[PDB]
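Before any comments, here is the structure.
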Amino acid sequence: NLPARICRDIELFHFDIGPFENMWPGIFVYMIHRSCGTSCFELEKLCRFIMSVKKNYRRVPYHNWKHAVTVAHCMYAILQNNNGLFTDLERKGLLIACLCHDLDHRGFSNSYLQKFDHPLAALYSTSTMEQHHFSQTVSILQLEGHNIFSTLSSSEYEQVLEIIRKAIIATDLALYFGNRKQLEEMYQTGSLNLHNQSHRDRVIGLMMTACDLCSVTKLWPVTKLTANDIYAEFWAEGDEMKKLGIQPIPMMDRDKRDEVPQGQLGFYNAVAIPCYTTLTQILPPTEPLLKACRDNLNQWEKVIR
Ligand SMILES: COc1cc2ncnc(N3CC[C@@H](Oc4cnc5ccccc5n4)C3)c2cc1OC
Ligand SMILES: [Mg+2]
Ligand SMILES: [Zn+2]
């Protein structure tokens with residue numbers, strides 16, 4: 001049961017889940033119980049499911065089990081501050097999707113799997129790792145004693161698996177540019193309709209981006225330390241590009257590590273700032289995510305000065 005500090009701070013968008021792994025299942029149970037009532041799930045089955053999810057994340061620098069529970073926490077905070085917009089089934093699907101959305105990641109991009117000619121890239125030619133993450137989730141749910149949705153009707157099971165598949169695939173950041181461009185146009189023409197399932201699927205895709213990127217919405221010491229882990233994987237991938245005989249892009253080239261601050265400025269301006277600006281226009285109570293992101297941009301601008 002939750003320590004008082006955590007019961008309080010868990011409600012902040014910039015909560016950090018701490019270094020005790022064994023506290024994370026209970027943090028996730030607490031969130032999904034607070035969002036979806038306690039009858040939502042059988043505690044034993046859900047416990048079994050969380051441990052199996054944990055076991056199928058790898059010990060890589062950034063796309064690991066801590067990233068998964070962090071992305072789930074950001075979704076919890078968005079859903080808690082947007083009471084009555086999403087259904088109980090959407091709330092449960094989206095927290096499950098976040099916990100599962102990088103299952104079995106090895107720390108390499110879809111672009112590297114494609115250049116390597118990995119077998120996953122023949123199986124899933126677009127959104128390769130994300131199609132795999134969703135495949136892993138379904139395989140885990142299919143293990144004995146792991147069907148945390150066994151009390152739903154067949155129709156509601158199929159519906160929640162669809163909420164989860166679309167939410168996982170939307171974490172392919174290649175898809176975010178076009179999604180956010182469509183949402184911005186809907187917002188500005190006043191045509192966005194949350195009753196329209198295609199529009200609602202877009203807003204959930206943007207939620208998934210905002211949660212996947214949320215290191216840039218923590219406080220600066222967290223954001224800066226997290227950036228170490230993000231570059232650790234990118235530089236490992238850049239080494240592997242070099243070994244295939246392909247010069248990596250600068251972000252993946254550890255010899256270009258002095259240009260980190262400039263690369264962060266690029267990212268914030270092209271991706272994170274527009275992402276949280278669009279999200280705040282659609283869901284005004286997400287505004288703290290945007291304010292934290294602007295503060296971090298100003299920190300990277302300070303490092304440059
Ligand atoms: C907080 O630091 C982060 C966090 C990430 N989380 C998840 N995926 C990331 N990437 C996926 C492929 C890449 O995608 C892209 C897409 N578009 C751009 C535009 C301008 C600069 C960089 C851009 N990168 C980079 C980053 C990248 C990053 O900073 C350099
Ligand atoms: Mg991912
Ligand atoms: Zn992720």
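By order in the structure tokens, chains are A, B, ...; within a chain, residues start at 1; ligands start at 1, following the order shown.
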
Using only C-alpha atoms and all ligand atoms, find each residue with an atom at most 10 Å away from ligand 1 and format the answer as a PyMOL selection string.
chain A and resi 62-63+109-111+171-177+209+212-217+223-224+226-231+234+250-252+260-272+293+296

Write a file of the selected residues as a compact mmCIF listing (two decimals), in the first residue's frame, keeping C-alpha atoms.
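To be explicit, this is the file written out as again_18.txt:
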# COMPACT_ATOMS: atom_id res chain seq x y z
CA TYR A 62 15.80 3.59 -22.02
CA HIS A 63 12.96 1.45 -23.63
CA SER A 109 14.62 1.76 -34.19
CA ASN A 110 12.42 0.53 -37.03
CA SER A 111 14.93 2.12 -39.45
CA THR A 171 3.50 5.31 -30.40
CA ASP A 172 5.32 4.95 -33.86
CA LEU A 173 6.54 8.60 -33.76
CA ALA A 174 6.69 8.57 -37.63
CA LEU A 175 2.87 8.67 -37.43
CA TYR A 176 2.68 11.61 -35.05
CA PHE A 177 3.55 14.33 -37.62
CA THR A 209 2.64 10.53 -28.19
CA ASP A 212 5.62 8.37 -24.73
CA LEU A 213 7.58 11.70 -24.83
CA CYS A 214 6.90 12.72 -21.31
CA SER A 215 10.56 12.81 -20.05
CA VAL A 216 10.52 16.31 -21.52
CA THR A 217 7.63 17.33 -19.14
CA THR A 223 14.69 15.39 -17.86
CA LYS A 224 18.48 15.82 -18.07
CA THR A 226 16.71 10.73 -18.69
CA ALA A 227 18.30 12.24 -21.80
CA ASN A 228 21.50 10.23 -20.82
CA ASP A 229 19.58 6.98 -21.20
CA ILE A 230 17.89 8.04 -24.52
CA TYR A 231 21.35 8.82 -26.02
CA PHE A 234 20.78 5.95 -29.94
CA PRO A 250 24.12 12.73 -36.16
CA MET A 251 21.64 12.04 -33.33
CA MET A 252 22.87 8.33 -33.37
CA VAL A 260 23.35 17.20 -28.14
CA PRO A 261 21.97 20.69 -26.97
CA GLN A 262 21.39 21.75 -30.60
CA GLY A 263 19.69 18.38 -31.31
CA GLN A 264 17.46 18.91 -28.25
CA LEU A 265 16.49 22.37 -29.46
CA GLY A 266 15.49 20.75 -32.88
CA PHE A 267 13.36 18.17 -31.11
CA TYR A 268 11.59 20.49 -28.81
CA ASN A 269 10.81 22.92 -31.63
CA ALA A 270 9.75 20.34 -34.26
CA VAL A 271 8.08 17.72 -32.08
CA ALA A 272 7.63 18.24 -28.31
CA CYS A 293 8.20 21.33 -21.71
CA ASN A 296 12.99 22.39 -20.31

Identify, on the basis of only C-alpha atoms, every residue whose closest approach to residue 85 in chain A does not exceed 12 Å; exclude the query and any residue fewer than 3 positions from it along the same chain; express the result as a PyMOL selection string.
chain A and resi 78-82+88-91+194-195+200+203-204+282-283+285

Given a cut-off of 12 Å, what residues near ligand 3 show up using only C-alpha atoms and all ligand atoms, put as a PyMOL selection string?
chain A and resi 57+62-72+74+97-109+129-130+133+167-173+208-215+230

Same residues, C-alpha atoms, saved as a compact mmCIF listing (two decimals), in the first residue's frame:
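So the final result, stored in again.txt, reads:
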# COMPACT_ATOMS: atom_id res chain seq x y z
CA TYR A 57 10.77 -5.99 -21.27
CA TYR A 62 15.80 3.59 -22.02
CA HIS A 63 12.96 1.45 -23.63
CA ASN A 64 12.72 -0.71 -20.56
CA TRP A 65 10.09 -1.55 -17.84
CA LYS A 66 10.69 1.83 -16.08
CA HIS A 67 9.82 3.65 -19.35
CA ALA A 68 6.65 1.55 -19.63
CA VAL A 69 5.36 2.36 -16.14
CA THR A 70 6.37 6.07 -16.61
CA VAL A 71 4.38 6.32 -19.90
CA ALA A 72 1.41 4.70 -18.00
CA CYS A 74 1.54 10.18 -17.63
CA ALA A 97 -1.65 -0.21 -23.76
CA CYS A 98 0.85 2.21 -22.13
CA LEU A 99 2.29 -0.56 -19.86
CA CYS A 100 2.63 -2.85 -22.88
CA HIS A 101 3.56 -0.38 -25.65
CA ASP A 102 7.36 -1.20 -25.91
CA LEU A 103 7.16 -5.00 -25.00
CA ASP A 104 10.38 -6.78 -26.04
CA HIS A 105 12.08 -3.63 -27.36
CA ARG A 106 15.82 -4.27 -27.98
CA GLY A 107 16.71 -0.63 -28.07
CA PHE A 108 16.87 -0.23 -31.86
CA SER A 109 14.62 1.76 -34.19
CA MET A 129 8.44 -2.70 -33.56
CA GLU A 130 4.94 -1.38 -32.69
CA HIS A 133 4.71 -4.85 -29.24
CA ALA A 167 -2.91 3.16 -29.03
CA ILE A 168 0.31 1.00 -29.37
CA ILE A 169 0.65 1.59 -33.10
CA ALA A 170 0.20 5.40 -32.50
CA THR A 171 3.50 5.31 -30.40
CA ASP A 172 5.32 4.95 -33.86
CA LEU A 173 6.54 8.60 -33.76
CA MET A 208 -0.07 8.29 -26.61
CA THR A 209 2.64 10.53 -28.19
CA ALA A 210 2.43 13.02 -25.24
CA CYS A 211 2.81 10.14 -22.73
CA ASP A 212 5.62 8.37 -24.73
CA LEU A 213 7.58 11.70 -24.83
CA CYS A 214 6.90 12.72 -21.31
CA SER A 215 10.56 12.81 -20.05
CA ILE A 230 17.89 8.04 -24.52

Can you list, as number ranges by chain, all residues belonging to range 17-69 of chain A that DSSP tags as alpha helix (DSSP H)?
A: 24-36, 43-55, 65-69

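Of the residues under consideration (A:184, A:295, A:259, A:253), A:184 shows the shortest atom-to-atom contact distance to residue 274 in chain A when counting only C-alpha atoms.
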
Once you count only C-alpha atoms, what closest atom pair and distance in Å to one decimal does each residue of range 141-250 of chain A within 10 Å of range 24-41 of chain A have, with rows by chain and rising residue number, as a tab-separated table?
residue	atom	partner	partner_atom	distance
A:147	CA	A:41	CA	9.9
A:148	CA	A:41	CA	6.4
A:149	CA	A:41	CA	7.6
A:150	CA	A:41	CA	9.2
A:151	CA	A:41	CA	8.5
A:152	CA	A:40	CA	10.0

For range 121-188 of chain A against range 44-54 of chain A, with a cut-off of 8 Å and counting only C-alpha atoms, what is the closest atom pair and its distance in Å to one decimal for every residue that makes the cut, ordered by chain and number, as a Markdown table?
| residue | atom | partner | partner_atom | distance |
| --- | --- | --- | --- | --- |
| A:137 | CA | A:53 | CA | 7.9 |
| A:140 | CA | A:52 | CA | 7.1 |
| A:141 | CA | A:49 | CA | 7.5 |
| A:145 | CA | A:45 | CA | 6.1 |
| A:146 | CA | A:49 | CA | 5.2 |
| A:147 | CA | A:45 | CA | 7.1 |
| A:148 | CA | A:46 | CA | 5.8 |

Residue selection dump (N, CA and C atoms) as a JSON list (two decimals), in the first residue's frame:
[["chain", "number", "residue", "atom", "x", "y", "z"],
["A", 137, "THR", "N", 1.75, -8.30, -26.53],
["A", 137, "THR", "CA", 0.67, -8.03, -25.61],
["A", 137, "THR", "C", -0.42, -9.17, -25.75],
["A", 140, "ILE", "N", 0.84, -12.40, -24.38],
["A", 140, "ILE", "CA", 0.77, -12.45, -22.94],
["A", 140, "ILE", "C", -0.69, -12.68, -22.44],
["A", 141, "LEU", "N", -1.62, -11.95, -23.02],
["A", 141, "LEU", "CA", -3.04, -12.08, -22.60],
["A", 141, "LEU", "C", -3.54, -13.52, -22.80],
["A", 145, "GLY", "N", -4.31, -18.03, -17.16],
["A", 145, "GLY", "CA", -4.43, -17.27, -15.93],
["A", 145, "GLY", "C", -4.05, -15.76, -16.14],
["A", 146, "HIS", "N", -3.79, -15.38, -17.40],
["A", 146, "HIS", "CA", -3.38, -13.97, -17.64],
["A", 146, "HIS", "C", -4.47, -13.13, -18.35],
["A", 147, "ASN", "N", -5.67, -13.69, -18.55],
["A", 147, "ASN", "CA", -6.65, -12.89, -19.27],
["A", 147, "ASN", "C", -7.39, -11.98, -18.37],
["A", 148, "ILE", "N", -6.78, -10.79, -18.17],
["A", 148, "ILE", "CA", -7.32, -9.82, -17.21],
["A", 148, "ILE", "C", -8.67, -9.27, -17.73]]

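Distance-wise, CA of residue 199 in chain A and CA of residue 185 in chain A end up 11.7 Å apart.
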
Residue nearest residue 188 in chain A among A:156, A:281, A:163, A:124 (counting only C-alpha atoms):
A:281

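For the residues A:128, A:11, A:288, A:5, ranking by smallest atom-to-atom distance to ligand 2 using only C-alpha atoms and all ligand atoms places A:128 first.
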